[PDB]
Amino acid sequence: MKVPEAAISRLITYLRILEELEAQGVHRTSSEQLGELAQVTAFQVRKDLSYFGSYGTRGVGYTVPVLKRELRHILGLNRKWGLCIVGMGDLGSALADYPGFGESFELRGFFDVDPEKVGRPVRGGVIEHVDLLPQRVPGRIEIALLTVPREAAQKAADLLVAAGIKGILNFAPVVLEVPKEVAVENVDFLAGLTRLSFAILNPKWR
């Protein structure tokens, strides 16, 4: 009912920690262990998980493959999302080649407008003009990796929204404007850099 987004980010962290624990053969963990690895209090963990259910065992703890399964469900990773990359520049090309996507995310789109790229056969696929967006997105692409130069970002967004996209992972440094019907998440490395600058200059604060 409450469900702060700060909690969704932490759930991501717990699932990753669970995958890792599983990889090490651990069968059972606890909020205390989980907190120690996610660098938060055990309270924060139990409270974050409580927003969705009671997956543990009182007096005992949490069975790793169970909670793991439960978090993947909540996070909507128990499905196979359709992805497309708009802006086959350098970052987008690195992305196309990222091997750590896993079962939950599948690349189906590849786009851009530059003639010198359009038509290049990328990893399992081929680039194409962003004009084919209206005829590519519906029912096959839900999420788009927006990676274009800061000035083409807002333009590319409109296009994507019109083509029926449901989510935009924005890599461009700028606040996008989209219908509130479309979810957007920013991945801003320059903002992070700037934050590091500030953090350094203000050690006390940090």
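Counting begins at 1, following the sequence as shown.
**Q** Where do the C-alpha atoms have the higher mean temperature factor in this entry, in 64-72 or in 141-149?
**A** Mean CA B-factor is higher for 141-149.
**Q** Going by the B-factors listed in the PDB entry, is the mean over the C-alpha atoms higher for 193-201 or for 179-187?
**A** Higher mean C-alpha B-factor in the PDB entry: 179-187.
**Q** Name the residue from 49, 156, 169, 26 with the greatest C-alpha temperature factor listed in the entry.
**A** The listed residue with the largest C-alpha B-factor is 156.
**Q** Determine, from the deposited record, the chain-internal third of the Cα B-factor for residue 77: lowest, middle or highest.
**A** Lowest third.
**Q** Give the position of residue 35 by CA B-factor within its chain, expressed as the lowest, middle or highest third.
**A** CA B-factor rank for residue 35: lowest third.
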